[PDB]
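S.K.: Attaching a single structure in structure tokens format; questions to follow.
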Amino acid sequence: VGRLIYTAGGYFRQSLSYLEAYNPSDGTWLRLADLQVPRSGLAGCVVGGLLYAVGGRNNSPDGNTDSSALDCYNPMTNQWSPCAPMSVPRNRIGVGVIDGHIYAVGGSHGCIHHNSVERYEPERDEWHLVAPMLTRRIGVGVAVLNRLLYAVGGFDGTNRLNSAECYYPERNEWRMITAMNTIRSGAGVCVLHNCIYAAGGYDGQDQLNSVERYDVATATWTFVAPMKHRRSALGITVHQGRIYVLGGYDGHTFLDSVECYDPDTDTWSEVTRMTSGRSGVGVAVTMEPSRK
Ligand SMILES: [Cl-]
Ligand code: NA
Ligand code: NA
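The authors' numbering applies: residue 324 is where the sequence shown begins, and numbers increase by one.
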């Protein structure tokens with residue numbers, strides 16, 4: 324009946340294997356099955372009640388490797404299971420879900436900054452390439468509004484971006500939309516009450532605490548209340564009508580702070596601390612694990 328906020332992977336000195344689940348009601352963190360491979364710069368999503376960890380990079384004392392992996396966590400069994408991998412490794416990936424399919428957007432493989440996009444079908448455990456973005460984007464934020472896929476911000480290998488673009492699955496075509504007010508790579512991007520929010524990020528000079536929101540009906544981005552803590556490479560998700568931002572990097576520290584945005588009051592508040600500070604996590608919401 325209850326849903327938890329799951330955080331997978333991340334980075335603190337090296338890539339991490341943690342899977343932990345926060346209960347916003349009773350405040351606990353549950354420690355769950357480790358990822359099979361430590362990964363940072365991954366994305367999380369949920370389809371059919373299953374949690375997916377997509378892409379990322381294994382930064383380890385023995386060597387560093389970007390990841391094409393897709394892995395699936397079942398809260399009913401507390402077990403991870405591999406899926407078919409993507410066509411390429413994608414570190415600092417963004418993902419979105421449309422009609423039960425996972426879209427993997429952008430990211431990097433070594434020096435390659437991807438504009439490519441591919442789509443995963445769980446019923447067939449297959450990936451297929453779709454039309455590439457107009458822009459190469461690593462650290463891209465992704466959100467889905469009315470079955471359209473939005474790619475927001477990022478880094479093209481030279482410039483950090485305020486541009487955003489929109490994918491029409493029926494046309495297999497990307498179209499530029501109105502750009503954000505602020506350049507952001509590594510922002511948290513999500514959908515809440517039919518608006519896209521973009522929180523935090525890095526603009527090549529500062530880590531950011533500002534937050535802006537896109538209204539499709541007016542095709543306008545509008546600033547809302549800023550976060551308390553500047554942060555890049557944060558995790559973000561929506562739980563029961565509020566945004567939660569997890570961790571990140573502020574230029575000095577890997578944060579354990581979790582903040583929560585209430586849209587009704589336009590206020591942020593700090594609600595918990597992760598068990599250790601980290602950046603580059605994947606985060607999503609699904610049912611609590613079965614203990615019995
Ligand atoms: Cl441990
Ligand atoms: Na960044
Ligand atoms: Na707006």
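Here a beta-carbon is modelled for each residue, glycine too, at the ideal position from N, C-alpha and C.
Should the stretch 462 to 469 be regarded as contacting the stretch 440 to 448, the criterion being three or more beta carbon pairs within less than 8 angstroms?
M.R.: Segments in contact, no.
S.K.: Measuring CB to CB, does residue 560 end up less than 8 angstroms from residue 606?
M.R.: Going by C-beta atoms, residue 560 is nearer than 8 angstroms to residue 606.
S.K.: Less than 7 angstroms separating the Cβ of residue 536 from some heavy atom of ligand 3?
M.R.: It does: the Cβ of residue 536 is within 7 angstroms (strictly closer) of some heavy atom of ligand 3.
S.K.: Reducing DSSP to helix, strand and coil, say where residue 536 ends up.
M.R.: DSSP places residue 536 in strand when its eight states are reduced to three.
S.K.: Between the alpha carbons of residue 437 and residue 411, how many angstroms are there, rounded?
M.R.: Distance between the alpha carbons of residue 437 and residue 411 is about 9 angstroms.
S.K.: Would you call residue 572 buried or exposed, if buried means 16 or more other Cβ atoms sit within 10 Å of its Cβ?
M.R.: Burial call: buried.
S.K.: Whole angstroms is fine: what's the gap from residue 512's alpha carbon to residue 520's?
M.R.: Their backbone Cα atoms lie some 6 angstroms apart in a straight line.
S.K.: Rounded to the nearest angstrom, what separates residue 501 and residue 486 at their Cα positions?
M.R.: Roughly 7 angstroms separates the two Cα atoms.
S.K.: Around the C-beta of residue 499, are 16 or more other C-beta atoms found within 10 angstroms, so that it is buried, or is it exposed?
M.R.: Residue 499 is exposed by the Cβ-count criterion.
S.K.: Pick helix, strand or coil for residue 401, following the three-state DSSP scheme.
M.R.: The answer is coil: DSSP assigns residue 401 none of H, G, I, E or B.
S.K.: Rounded to a whole number of angstroms, what is the C-alpha to C-alpha distance between residue 609 and residue 588?
M.R.: C-alpha separation (whole angstroms): 25 angstroms.
S.K.: CA-CA distance, residue 426 and residue 419?
M.R.: Answer to the nearest angstrom: the Cα atoms are 5 angstroms apart.
S.K.: Output needed for residue 599: all residues of its chain with C-beta closer than 7 angstroms, excluding positions within five of it in sequence on either side, in chain order.
M.R.: For residue 599, where only same-chain residues beyond five positions count, the Cβ hits under 7 angstroms are 335 and 579.
S.K.: Short check: CB of residue 343 to CB of residue 358, under 8 angstroms?
M.R.: No, the pair does not count as a contact, with Cβ atoms beyond the cut-off.
S.K.: Using CA coordinates, which residue listed in 518, 570 and 363 is at the minimum distance from residue 543?
M.R.: Minimum Cα distance to residue 543 is reached at 518.
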